[PDB]
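K.L.:
Following this line is final.cif, made up of mmCIF, C-alpha atoms:
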data_entry
loop_
_atom_site.label_atom_id
_atom_site.label_comp_id
_atom_site.auth_asym_id
_atom_site.auth_seq_id
_atom_site.Cartn_x
_atom_site.Cartn_y
_atom_site.Cartn_z
CA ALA A 3 80.39 96.48 20.02
CA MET A 4 83.87 97.92 19.16
CA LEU A 5 84.45 99.09 15.56
CA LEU A 6 87.60 100.55 14.05
CA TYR A 7 87.27 102.53 10.83
CA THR A 8 90.56 102.05 8.99
CA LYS A 9 92.10 103.04 5.63
CA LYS A 10 94.72 101.22 3.48
CA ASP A 11 98.43 102.05 4.17
CA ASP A 12 97.56 104.42 7.08
CA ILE A 13 100.23 104.34 9.87
CA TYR A 14 97.58 105.49 12.46
CA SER A 15 95.11 102.65 11.54
CA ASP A 16 97.96 100.11 11.78
CA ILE A 17 99.10 101.37 15.21
CA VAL A 18 95.54 101.22 16.70
CA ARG A 19 94.94 97.77 15.24
CA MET A 20 98.13 96.44 16.85
CA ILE A 21 97.14 98.15 20.20
CA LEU A 22 93.65 96.48 19.98
CA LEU A 23 95.35 93.15 19.23
CA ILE A 24 97.71 93.34 22.29
CA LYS A 25 94.84 94.57 24.56
CA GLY A 26 92.79 91.56 23.42
CA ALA A 27 89.85 93.70 22.34
CA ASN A 28 87.72 91.82 19.85
CA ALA A 29 87.05 94.74 17.52
CA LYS A 30 85.38 94.84 14.09
CA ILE A 31 87.91 96.34 11.70
CA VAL A 32 86.37 98.06 8.64
CA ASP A 33 88.54 99.40 5.77
CA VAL A 34 86.53 102.40 4.44
CA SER A 35 88.87 102.72 1.40
CA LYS A 36 87.23 99.40 0.12
CA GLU A 37 84.09 99.82 -2.10
CA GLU A 38 82.14 97.08 -0.16
CA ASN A 39 82.41 99.18 3.05
CA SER A 40 80.80 102.25 1.30
CA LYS A 41 77.88 102.05 3.81
CA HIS A 42 80.28 102.11 6.80
CA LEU A 43 81.95 105.16 5.17
CA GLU A 44 78.50 106.85 4.99
CA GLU A 45 77.98 106.11 8.72
CA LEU A 46 81.44 107.46 9.61
CA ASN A 47 80.65 110.86 8.04
CA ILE A 48 77.43 111.02 10.18
CA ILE A 49 79.14 110.16 13.56
CA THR A 50 82.41 112.18 12.95
CA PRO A 51 82.85 115.86 11.85
CA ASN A 52 85.12 115.18 8.80
CA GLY A 53 84.97 111.35 8.29
CA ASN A 54 88.23 111.05 10.30
CA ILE A 55 90.47 107.96 9.85
CA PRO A 56 91.06 106.09 12.06
CA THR A 57 87.91 106.21 14.22
CA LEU A 58 87.34 103.97 17.19
CA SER A 59 83.59 103.55 17.63
CA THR A 60 82.35 102.25 21.10
CA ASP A 61 78.69 101.63 22.14
CA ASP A 62 78.87 105.03 23.94
CA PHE A 63 81.11 107.19 21.64
CA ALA A 64 83.29 107.68 18.50
CA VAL A 65 86.92 108.84 18.89
CA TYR A 66 89.49 110.16 16.46
CA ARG A 67 93.09 111.52 17.10
CA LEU A 68 95.78 108.91 18.01
CA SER A 69 96.48 110.10 21.62
CA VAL A 70 92.67 110.22 22.29
CA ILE A 71 92.08 106.78 20.66
CA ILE A 72 94.97 105.33 22.82
CA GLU A 73 93.54 106.92 26.05
CA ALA A 74 90.02 105.59 25.28
CA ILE A 75 91.43 102.04 24.64
CA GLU A 76 93.49 102.26 27.90
CA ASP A 77 90.42 103.41 29.91
CA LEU A 78 88.40 100.38 28.69
CA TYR A 79 91.29 97.84 28.45
CA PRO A 80 94.13 98.79 30.91
CA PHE A 81 96.06 95.47 30.47
CA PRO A 82 98.81 95.21 29.38
CA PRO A 83 99.67 98.92 30.09
CA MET A 84 100.94 100.90 27.04
CA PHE A 85 102.53 103.64 29.19
CA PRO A 86 104.55 103.61 32.44
CA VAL A 87 102.38 103.34 35.53
CA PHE A 88 104.28 105.95 37.55
CA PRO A 89 103.56 109.71 37.06
CA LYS A 90 107.00 111.11 36.02
CA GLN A 91 107.66 108.27 33.51
CA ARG A 92 104.03 108.41 32.20
CA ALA A 93 104.34 112.21 31.59
CA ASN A 94 107.70 111.72 29.77
CA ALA A 95 106.28 108.90 27.57
CA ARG A 96 103.22 110.97 26.54
CA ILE A 97 105.50 113.94 25.65
CA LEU A 98 107.82 111.60 23.66
CA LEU A 99 104.66 110.16 21.92
CA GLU A 100 103.79 113.75 20.85
CA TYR A 101 107.34 114.21 19.51
CA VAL A 102 107.09 110.96 17.46
CA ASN A 103 103.60 112.03 16.26
CA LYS A 104 104.80 115.48 15.11
CA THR A 105 108.26 114.42 13.74
CA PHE A 106 107.37 111.06 12.12
CA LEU A 107 103.63 110.03 11.99
CA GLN A 108 102.34 113.37 10.66
CA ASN A 109 105.17 113.55 8.10
CA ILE A 110 104.55 109.94 6.96
CA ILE A 111 100.92 111.03 6.17
CA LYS A 112 102.27 114.11 4.25
CA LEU A 113 104.53 111.90 2.04
CA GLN A 114 101.43 109.81 1.11
CA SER A 115 99.40 112.93 0.02
CA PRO A 116 98.72 113.36 -3.76
CA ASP A 117 99.40 117.15 -3.35
CA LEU A 118 103.13 116.60 -2.48
CA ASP A 119 106.07 118.45 -4.16
CA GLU A 120 109.61 117.19 -4.86
CA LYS A 121 111.06 119.91 -2.48
CA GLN A 122 108.52 119.16 0.29
CA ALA A 123 109.11 115.34 0.07
CA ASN A 124 112.94 115.71 0.29
CA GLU A 125 112.61 118.16 3.24
CA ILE A 126 110.49 115.56 5.16
CA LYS A 127 112.71 112.52 4.25
CA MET A 128 115.92 114.44 5.32
CA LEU A 129 114.18 115.56 8.55
CA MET A 130 112.97 112.05 9.60
CA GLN A 131 116.32 110.44 8.56
CA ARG A 132 118.27 112.89 10.83
CA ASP A 133 116.25 112.12 14.03
CA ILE A 134 115.03 108.54 13.55
CA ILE A 135 118.00 106.80 15.36
CA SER A 136 118.21 109.55 18.02
CA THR A 137 114.43 109.06 18.73
CA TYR A 138 114.81 105.20 18.66
CA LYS A 139 117.74 105.43 21.15
CA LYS A 140 115.63 107.81 23.35
CA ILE A 141 112.63 105.34 23.34
CA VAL A 142 114.93 102.40 24.34
CA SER A 143 116.74 104.75 26.88
CA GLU A 144 113.38 105.23 28.73
CA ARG A 145 113.06 101.40 29.09
CA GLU A 146 116.84 100.85 30.03
CA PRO A 153 112.43 91.10 33.67
CA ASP A 154 111.43 88.32 31.20
CA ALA A 155 108.14 87.43 29.29
CA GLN A 156 107.30 91.21 29.71
CA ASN A 157 104.96 93.17 27.38
CA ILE A 158 105.58 96.05 24.83
CA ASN A 159 104.91 99.79 25.38
CA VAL A 160 103.07 102.14 22.96
CA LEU A 161 106.37 104.00 22.04
CA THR A 162 108.17 100.76 20.96
CA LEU A 163 104.96 99.71 19.13
CA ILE A 164 104.80 103.07 17.27
CA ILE A 165 108.60 103.26 16.48
CA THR A 166 108.24 99.74 14.90
CA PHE A 167 105.57 101.16 12.57
CA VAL A 168 107.85 104.16 11.83
CA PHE A 169 110.63 101.75 10.61
CA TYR A 170 107.95 99.72 8.71
CA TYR A 171 106.72 102.87 6.88
CA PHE A 172 110.35 103.95 6.19
CA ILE A 173 110.64 100.69 4.18
CA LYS A 174 107.13 101.25 2.72
CA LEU A 175 108.21 104.73 1.49
CA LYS A 176 111.67 103.40 0.27
CA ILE A 177 113.50 105.54 2.91
CA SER A 178 116.71 103.86 4.20
CA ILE A 179 117.15 103.45 7.95
CA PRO A 180 120.38 105.48 8.50
CA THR A 181 122.53 103.19 10.71
CA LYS A 182 125.65 101.01 10.15
CA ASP A 183 125.54 99.84 13.85
CA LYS A 184 125.16 96.01 13.95
CA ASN A 185 123.39 96.06 17.38
CA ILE A 186 120.79 98.70 16.29
CA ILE A 187 120.24 96.77 12.96
CA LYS A 188 119.64 93.51 15.00
CA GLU A 189 117.23 95.40 17.35
CA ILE A 190 115.23 97.01 14.44
CA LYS A 191 115.04 93.55 12.73
CA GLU A 192 113.85 92.12 16.10
CA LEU A 193 111.11 94.83 16.34
CA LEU A 194 109.94 94.13 12.77
CA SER A 195 109.67 90.37 13.56
CA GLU A 196 107.46 90.74 16.71
CA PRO A 197 104.58 88.18 16.41
CA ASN A 198 101.81 90.81 17.03
CA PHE A 199 103.40 93.20 14.47
CA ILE A 200 103.44 90.42 11.78
CA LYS A 201 99.82 89.49 12.79
CA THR A 202 98.73 93.18 12.35
CA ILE A 203 100.62 93.50 8.96
CA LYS A 204 98.91 90.32 7.65
CA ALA A 205 95.45 91.36 9.05
CA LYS A 206 94.91 93.67 5.97
CA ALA B 3 112.57 122.28 38.39
CA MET B 4 109.29 123.27 36.56
CA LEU B 5 109.67 126.37 34.35
CA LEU B 6 106.86 127.96 32.31
CA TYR B 7 107.82 130.23 29.40
CA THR B 8 105.04 132.81 29.08
CA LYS B 9 104.28 135.86 26.91
CA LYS B 10 102.11 138.94 27.72
CA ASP B 11 98.43 138.82 26.49
CA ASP B 12 98.74 135.19 25.25
CA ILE B 13 95.54 133.12 25.81
CA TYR B 14 97.56 129.84 25.97
CA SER B 15 99.99 131.18 28.66
CA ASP B 16 97.00 132.40 30.71
CA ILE B 17 95.23 129.01 30.50
CA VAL B 18 98.35 127.02 31.61
CA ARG B 19 99.10 129.55 34.35
CA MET B 20 95.52 129.14 35.79
CA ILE B 21 95.82 125.32 35.56
CA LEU B 22 99.22 125.47 37.42
CA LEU B 23 97.59 127.78 40.01
CA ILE B 24 94.62 125.40 40.66
CA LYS B 25 96.98 122.33 40.76
CA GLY B 26 99.20 124.16 43.28
CA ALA B 27 102.24 123.35 41.10
CA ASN B 28 105.55 124.91 42.11
CA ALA B 29 106.47 126.28 38.65
CA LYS B 30 108.72 129.25 37.80
CA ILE B 31 106.72 131.50 35.36
CA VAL B 32 109.13 133.44 33.07
CA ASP B 33 107.67 136.15 30.76
CA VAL B 34 110.03 136.05 27.73
CA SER B 35 108.35 139.23 26.26
CA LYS B 36 110.02 141.18 29.14
CA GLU B 37 113.60 142.47 28.53
CA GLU B 38 114.42 141.68 32.25
CA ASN B 39 115.35 138.08 31.25
CA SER B 40 116.65 137.71 27.66
CA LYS B 41 118.76 134.73 28.93
CA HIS B 42 115.57 132.56 29.16
CA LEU B 43 114.46 133.38 25.55
CA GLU B 44 117.87 132.07 24.32
CA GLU B 45 117.48 128.75 26.25
CA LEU B 46 113.86 128.45 24.88
CA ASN B 47 115.03 128.55 21.22
CA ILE B 48 117.58 125.75 21.98
CA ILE B 49 115.04 123.36 23.69
CA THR B 50 112.05 124.07 21.28
CA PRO B 51 111.93 124.07 17.40
CA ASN B 52 110.66 127.69 16.97
CA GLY B 53 110.85 129.26 20.48
CA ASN B 54 107.19 128.31 21.05
CA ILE B 55 105.09 130.14 23.68
CA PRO B 56 103.97 128.78 26.03
CA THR B 57 106.48 126.06 26.89
CA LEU B 58 106.27 123.91 30.02
CA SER B 59 109.83 122.89 30.82
CA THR B 60 111.19 120.29 33.17
CA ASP B 61 114.59 118.72 33.85
CA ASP B 62 113.32 115.81 31.63
CA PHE B 63 111.31 117.60 28.85
CA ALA B 64 109.93 120.75 27.14
CA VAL B 65 106.28 120.68 25.97
CA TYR B 66 104.52 123.43 23.88
CA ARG B 67 101.33 121.84 22.38
CA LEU B 68 98.42 122.90 24.72
CA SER B 69 96.67 119.47 24.99
CA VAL B 70 100.06 117.77 25.72
CA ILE B 71 100.82 120.52 28.32
CA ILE B 72 97.40 119.83 30.02
CA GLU B 73 98.01 116.01 30.01
CA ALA B 74 101.59 116.36 31.39
CA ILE B 75 100.33 118.65 34.24
CA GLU B 76 97.54 116.09 35.05
CA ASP B 77 100.01 113.16 35.07
CA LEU B 78 102.28 114.99 37.59
CA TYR B 79 99.56 116.88 39.55
CA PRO B 80 96.23 114.88 39.36
CA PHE B 81 94.40 116.94 42.07
CA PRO B 82 92.01 118.63 41.66
CA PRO B 83 91.00 116.80 38.41
CA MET B 84 90.68 118.90 35.21
CA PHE B 85 88.89 116.03 33.24
CA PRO B 86 85.68 113.88 33.75
CA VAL B 87 86.46 110.67 35.72
CA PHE B 88 84.43 108.34 33.40
CA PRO B 89 85.83 107.23 29.95
CA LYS B 90 82.96 108.35 27.61
CA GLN B 91 82.92 111.89 29.14
CA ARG B 92 86.81 111.99 29.17
CA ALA B 93 86.92 111.12 25.42
CA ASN B 94 84.21 113.74 24.61
CA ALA B 95 86.09 116.42 26.65
CA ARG B 96 89.36 115.85 24.77
CA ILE B 97 87.57 116.05 21.38
CA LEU B 98 85.68 119.21 22.47
CA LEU B 99 89.03 120.68 23.71
CA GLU B 100 90.44 120.19 20.20
CA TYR B 101 87.35 121.90 18.69
CA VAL B 102 87.78 124.91 21.07
CA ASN B 103 91.52 125.00 20.25
CA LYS B 104 90.92 125.02 16.45
CA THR B 105 87.79 127.27 16.42
CA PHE B 106 88.75 129.85 19.10
CA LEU B 107 92.24 129.59 20.67
CA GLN B 108 94.08 129.48 17.29
CA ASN B 109 91.86 132.25 15.86
CA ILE B 110 92.51 134.55 18.93
CA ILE B 111 96.29 134.21 18.34
CA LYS B 112 95.76 135.12 14.57
CA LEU B 113 93.90 138.36 15.54
CA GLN B 114 96.93 139.34 17.70
CA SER B 115 99.40 138.93 14.72
CA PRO B 116 100.93 142.20 13.31
CA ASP B 117 100.69 141.27 9.57
CA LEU B 118 96.87 140.97 9.33
CA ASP B 119 94.38 143.16 7.39
CA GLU B 120 90.87 144.27 8.55
CA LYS B 121 89.20 141.93 5.96
CA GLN B 122 90.92 138.75 7.37
CA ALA B 123 90.16 139.92 10.95
CA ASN B 124 86.40 140.33 10.18
CA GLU B 125 86.23 136.76 8.77
CA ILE B 126 87.69 135.37 12.07
CA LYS B 127 85.54 137.61 14.39
CA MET B 128 82.21 136.73 12.70
CA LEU B 129 83.28 132.99 12.59
CA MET B 130 84.03 132.96 16.39
CA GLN B 131 80.83 135.02 17.11
CA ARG B 132 78.67 132.41 15.26
CA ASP B 133 79.82 129.37 17.36
CA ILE B 134 80.76 130.90 20.80
CA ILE B 135 77.30 130.42 22.44
CA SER B 136 76.75 127.00 20.75
CA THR B 137 80.21 125.86 22.07
CA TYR B 138 79.51 127.40 25.55
CA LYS B 139 76.13 125.57 25.71
CA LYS B 140 77.87 122.32 24.60
CA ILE B 141 80.58 122.68 27.36
CA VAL B 142 77.87 123.25 30.06
CA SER B 143 75.78 120.37 28.46
CA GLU B 144 78.79 118.03 29.19
CA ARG B 145 78.70 119.12 32.90
CA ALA B 155 80.33 120.37 43.95
CA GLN B 156 81.49 123.22 41.57
CA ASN B 157 85.03 121.76 40.79
CA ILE B 158 86.24 123.49 37.58
CA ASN B 159 87.22 121.36 34.56
CA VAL B 160 89.62 122.38 31.76
CA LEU B 161 86.81 123.19 29.20
CA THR B 162 85.05 125.68 31.56
CA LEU B 163 88.51 127.12 32.43
CA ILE B 164 89.36 127.59 28.71
CA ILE B 165 85.87 128.95 27.67
CA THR B 166 86.30 131.59 30.47
CA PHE B 167 89.53 132.75 28.79
CA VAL B 168 87.73 132.76 25.41
CA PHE B 169 85.10 135.25 26.80
CA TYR B 170 87.94 137.24 28.47
CA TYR B 171 89.83 137.57 25.14
CA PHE B 172 86.55 138.46 23.33
CA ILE B 173 86.42 141.54 25.64
CA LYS B 174 90.21 142.06 25.25
CA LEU B 175 89.78 142.11 21.42
CA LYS B 176 86.58 144.34 21.65
CA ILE B 177 84.41 141.47 20.25
CA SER B 178 80.84 141.47 21.67
CA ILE B 179 79.50 138.24 23.17
CA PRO B 180 76.40 137.64 20.94
CA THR B 181 73.55 136.91 23.44
CA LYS B 182 70.50 138.70 24.92
CA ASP B 183 69.75 135.73 27.29
CA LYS B 184 69.80 136.97 30.95
CA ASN B 185 70.77 133.49 32.31
CA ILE B 186 73.74 133.06 29.89
CA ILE B 187 74.89 136.69 30.65
CA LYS B 188 74.74 135.90 34.46
CA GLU B 189 76.69 132.62 33.88
CA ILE B 190 79.43 134.33 31.73
CA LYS B 191 79.73 137.09 34.42
CA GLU B 192 79.99 134.30 37.06
CA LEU B 193 82.81 132.58 35.04
CA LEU B 194 84.71 135.88 34.70
CA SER B 195 84.53 136.43 38.51
CA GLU B 196 86.03 133.02 39.52
CA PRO B 197 88.72 133.72 42.24
CA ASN B 198 91.51 131.74 40.45
CA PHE B 199 90.67 133.45 37.11
CA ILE B 200 91.02 136.95 38.77
CA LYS B 201 94.25 135.74 40.52
CA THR B 202 95.69 134.57 37.11
CA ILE B 203 94.62 137.87 35.36
CA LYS B 204 96.36 139.93 38.10
CA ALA B 205 99.48 137.66 38.17
#
Show how you would write the structure in this file as structure tokens.
P.N.:
Amino acid sequence: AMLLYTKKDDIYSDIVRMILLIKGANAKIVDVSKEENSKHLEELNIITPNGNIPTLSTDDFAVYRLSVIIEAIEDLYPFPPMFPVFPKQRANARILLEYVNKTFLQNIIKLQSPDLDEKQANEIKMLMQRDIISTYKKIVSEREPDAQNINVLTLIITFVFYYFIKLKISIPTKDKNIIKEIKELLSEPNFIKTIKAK
Amino acid sequence: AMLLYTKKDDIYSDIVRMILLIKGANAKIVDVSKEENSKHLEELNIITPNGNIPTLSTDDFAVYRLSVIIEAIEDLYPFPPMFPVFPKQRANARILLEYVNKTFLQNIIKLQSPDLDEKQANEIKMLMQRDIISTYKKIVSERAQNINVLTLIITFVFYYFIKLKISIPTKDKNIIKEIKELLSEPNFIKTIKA
């Protein structure tokens, strides 16, 4: 059966859990930061090279790295699709996913590290604050049709705004429409469901 | 149109160039290290954060991370396939690609850096020498003769071992024959003489 090794307040764990929810995969979610899951943590370090979090464990394999976890979930559960189904658009989305991973997701992890300086933290916060709206506008520009499903980029950008709040970083916009849209993302039923899954 | 920003004696450029050759992609390879076109190096530093080499550019994007370059090429040019068709094997290939990138590709580019002492260089060489056969055996263990991205990359690893005067640590006649067979692949030769 499907098992997801998670960790508390980890943007990557959260993203994969929401993906698994939308895909309708009935996965066992195990938080290895909890002392009762100590045995699952021991297993993780046997099946993975560095006890990587998150880890999606299938009957046939164990995967780590967000883009690889997504691809493995998509191979086994293609519906609803997380990426565009046409080559050009698919390529663009995967490149934009890499940009969001590098610019936001990796930096969110850095701000949560105990070995973080005052200089380093302000560099990261300034960086993410500068591009966040530009990236958000670019993700919605790619979408530019009712009862339709969400894409992996909208799903991930929602978690970026959620972690901005979590890290007490203000979302830099005065635009009423963008504010309404961000509030609409943060109130998506599957996002709430994932946030209250703990 | 498709534009590839390359640099002389760069393992990553070589790998992408061979992939684009096999795919039959109509890309415009530009060697930024050449003075002939300084105009392209300027445009590269605008579209990328640190003028990263290699960079696969399109009218819609610029990509410089190797695994993202390989995925973007596969999305646009799926034939011939560079990855296993079944999910388990696909997942394993991508993980093994990351291992090869970290253990060898990144270490080859460190040995080519100007500010590097002989002590640091010996650490890297011995490290790469220890795992090269184990990794090679693992790539062939994963495997009518359609080349996949891991075999393509491991070929360039053995090519750069020779290029950096690092001996391939094996006495095994079969492995030696196989490495020699990799290094004589027509598209590899074609890429090396491009």
K.L.:
Ranking A:43, A:113, A:49, A:32 by minimum distance to residue 177 in chain A and counting only C-alpha atoms, which one comes first?
P.N.:
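With only C-alpha atoms as the atom set, the closest residue is A:113.
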K.L.:
Could you list, as an NGL selection string, every residue of chain B that has an atom within 12 Å of an atom of chain A, counting all atoms listed in the file?
P.N.:
:B and (50-51 or 58-80 or 87-101)
K.L.:
For a test of reading the model, state the distance in Å between CA of residue 172 in chain B and CA of residue 10 in chain B, rounded to one decimal.
P.N.:
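Atom-to-atom, CA of residue 172 in chain B and CA of residue 10 in chain B are spaced 16.2 Å apart.
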K.L.:
For the file shown, report as a PyMOL selection string the outcome of the PyMOL selection byres ((chain B and resi 180) around 8) at residue level.
P.N.:
chain B and resi 131+135+178-179+181-182
K.L.:
Show me, as a count of residues only, the residues that have an atom within 10 Å of residue 134 in chain B when counting all atoms listed in the file, minus same-chain residues fewer than 2 positions from it.
P.N.:
19
K.L.:
Check which residues satisfy the PyMOL selection byres ((chain A and resi 138) around 10) in the file shown, then give them as a PyMOL selection string.
P.N.:
chain A and resi 102+133-137+139-143+161-162+165-166+168-169+186+190
K.L.:
So how many Å separate CA of residue 85 in chain A and CA of residue 21 in chain A, to one decimal?
P.N.:
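Result for CA of residue 85 in chain A versus CA of residue 21 in chain A: 11.8 Å, one decimal.
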K.L.:
Translate the PyMOL selection byres ((chain A and resi 110) around 12), as applied to the file shown, into an explicit residue set as a compact mmCIF listing (two decimals) with C-alpha atoms, keeping the file's coordinate frame.
P.N.:
# COMPACT_ATOMS: atom_id res chain seq x y z
CA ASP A 11 98.43 102.05 4.17
CA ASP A 12 97.56 104.42 7.08
CA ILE A 13 100.23 104.34 9.87
CA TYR A 14 97.58 105.49 12.46
CA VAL A 102 107.09 110.96 17.46
CA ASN A 103 103.60 112.03 16.26
CA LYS A 104 104.80 115.48 15.11
CA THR A 105 108.26 114.42 13.74
CA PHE A 106 107.37 111.06 12.12
CA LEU A 107 103.63 110.03 11.99
CA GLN A 108 102.34 113.37 10.66
CA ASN A 109 105.17 113.55 8.10
CA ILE A 111 100.92 111.03 6.17
CA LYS A 112 102.27 114.11 4.25
CA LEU A 113 104.53 111.90 2.04
CA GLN A 114 101.43 109.81 1.11
CA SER A 115 99.40 112.93 0.02
CA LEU A 118 103.13 116.60 -2.48
CA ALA A 123 109.11 115.34 0.07
CA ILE A 126 110.49 115.56 5.16
CA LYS A 127 112.71 112.52 4.25
CA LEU A 129 114.18 115.56 8.55
CA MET A 130 112.97 112.05 9.60
CA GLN A 131 116.32 110.44 8.56
CA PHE A 167 105.57 101.16 12.57
CA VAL A 168 107.85 104.16 11.83
CA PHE A 169 110.63 101.75 10.61
CA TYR A 170 107.95 99.72 8.71
CA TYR A 171 106.72 102.87 6.88
CA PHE A 172 110.35 103.95 6.19
CA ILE A 173 110.64 100.69 4.18
CA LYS A 174 107.13 101.25 2.72
CA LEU A 175 108.21 104.73 1.49
CA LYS A 176 111.67 103.40 0.27
CA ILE A 177 113.50 105.54 2.91
K.L.:
If we count all atoms listed in the file and set the cut-off at 12 Å, which residues sit around range 38-43 of chain B, ignoring sequence neighbours fewer than 3 positions away in its own chain? Please answer as a compact mmCIF listing (two decimals) with C-alpha atoms, in the frame of the given file.
P.N.:
# COMPACT_ATOMS: atom_id res chain seq x y z
CA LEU B 5 109.67 126.37 34.35
CA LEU B 6 106.86 127.96 32.31
CA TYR B 7 107.82 130.23 29.40
CA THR B 8 105.04 132.81 29.08
CA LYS B 9 104.28 135.86 26.91
CA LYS B 30 108.72 129.25 37.80
CA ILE B 31 106.72 131.50 35.36
CA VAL B 32 109.13 133.44 33.07
CA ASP B 33 107.67 136.15 30.76
CA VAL B 34 110.03 136.05 27.73
CA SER B 35 108.35 139.23 26.26
CA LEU B 46 113.86 128.45 24.88
CA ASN B 47 115.03 128.55 21.22
CA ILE B 48 117.58 125.75 21.98
CA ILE B 49 115.04 123.36 23.69
CA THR B 50 112.05 124.07 21.28
CA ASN B 52 110.66 127.69 16.97
CA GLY B 53 110.85 129.26 20.48
CA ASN B 54 107.19 128.31 21.05
CA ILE B 55 105.09 130.14 23.68
CA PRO B 56 103.97 128.78 26.03
CA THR B 57 106.48 126.06 26.89
CA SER B 59 109.83 122.89 30.82
K.L.:
Using CA of residue 120 in chain B and CA of residue 103 in chain B as the two end points, give the distance in Å to one decimal.
P.N.:
22.6 Å
K.L.:
Taking into account only C-alpha atoms, which residue in the set A:17, A:116, A:196, A:6 is nearest to residue 46 in chain A?
P.N.:
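Residue with the minimum atom-to-atom distance to residue 46 in chain A: A:6.
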K.L.:
Just want the 12 Å neighbourhood of residue 30 in chain A, counted on all atoms listed in the file, with same-chain residues fewer than 6 positions away dropped. Output as a count of residues only.
P.N.:
15
K.L.:
Residues within 10 Å of (90.6, 128.2, 29.5), file coordinates, counting only C-alpha atoms: what are they? Give the list as a PyMOL selection string.
P.N.:
chain B and resi 13-21+99+102-103+107+159-170+199
K.L.:
Point out the residue among A:157, A:185, A:28, A:195 with the least atom-to-atom distance to residue 81 in chain A, counting all atoms listed in the file.
P.N.:
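Residue with the minimum atom-to-atom distance to residue 81 in chain A: A:157.
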K.L.:
Since fewer atoms than expected are present, regenerate N, CA and C atoms for range 95-107 of chain A and write them as a PDB file, keeping the file's coordinate frame.
P.N.:
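Output saved as part33.pdb:
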ATOM      1  N   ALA A  95     106.660 109.768  28.688  1.00  0.00           N
ATOM      2  CA  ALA A  95     106.280 108.900  27.570  1.00  0.00           C
ATOM      3  C   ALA A  95     105.242 109.585  26.669  1.00  0.00           C
ATOM      4  N   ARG A  96     104.278 110.276  27.278  1.00  0.00           N
ATOM      5  CA  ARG A  96     103.220 110.970  26.540  1.00  0.00           C
ATOM      6  C   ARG A  96     103.757 112.166  25.750  1.00  0.00           C
ATOM      7  N   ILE A  97     104.805 112.822  26.272  1.00  0.00           N
ATOM      8  CA  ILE A  97     105.500 113.940  25.650  1.00  0.00           C
ATOM      9  C   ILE A  97     106.327 113.393  24.468  1.00  0.00           C
ATOM     10  N   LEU A  98     107.019 112.262  24.679  1.00  0.00           N
ATOM     11  CA  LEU A  98     107.820 111.600  23.660  1.00  0.00           C
ATOM     12  C   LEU A  98     106.902 111.052  22.538  1.00  0.00           C
ATOM     13  N   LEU A  99     105.662 110.611  22.883  1.00  0.00           N
ATOM     14  CA  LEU A  99     104.660 110.160  21.920  1.00  0.00           C
ATOM     15  C   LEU A  99     104.259 111.336  21.004  1.00  0.00           C
ATOM     16  N   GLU A 100     104.118 112.532  21.583  1.00  0.00           N
ATOM     17  CA  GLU A 100     103.790 113.750  20.850  1.00  0.00           C
ATOM     18  C   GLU A 100     104.917 114.115  19.889  1.00  0.00           C
ATOM     19  N   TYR A 101     106.176 113.931  20.330  1.00  0.00           N
ATOM     20  CA  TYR A 101     107.340 114.210  19.510  1.00  0.00           C
ATOM     21  C   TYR A 101     107.354 113.268  18.302  1.00  0.00           C
ATOM     22  N   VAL A 102     107.109 111.972  18.529  1.00  0.00           N
ATOM     23  CA  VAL A 102     107.090 110.960  17.460  1.00  0.00           C
ATOM     24  C   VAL A 102     105.907 111.259  16.501  1.00  0.00           C
ATOM     25  N   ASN A 103     104.771 111.708  17.061  1.00  0.00           N
ATOM     26  CA  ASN A 103     103.600 112.030  16.260  1.00  0.00           C
ATOM     27  C   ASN A 103     103.886 113.195  15.309  1.00  0.00           C
ATOM     28  N   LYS A 104     104.469 114.273  15.838  1.00  0.00           N
ATOM     29  CA  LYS A 104     104.800 115.480  15.110  1.00  0.00           C
ATOM     30  C   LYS A 104     105.920 115.238  14.071  1.00  0.00           C
ATOM     31  N   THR A 105     107.053 114.661  14.526  1.00  0.00           N
ATOM     32  CA  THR A 105     108.260 114.420  13.740  1.00  0.00           C
ATOM     33  C   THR A 105     108.098 113.282  12.708  1.00  0.00           C
ATOM     34  N   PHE A 106     107.426 112.163  13.060  1.00  0.00           N
ATOM     35  CA  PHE A 106     107.370 111.060  12.120  1.00  0.00           C
ATOM     36  C   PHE A 106     105.968 110.757  11.561  1.00  0.00           C
ATOM     37  N   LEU A 107     104.979 110.441  12.419  1.00  0.00           N
ATOM     38  CA  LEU A 107     103.630 110.030  11.990  1.00  0.00           C
ATOM     39  C   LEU A 107     102.924 111.035  11.099  1.00  0.00           C
TER      40      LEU A 107
END
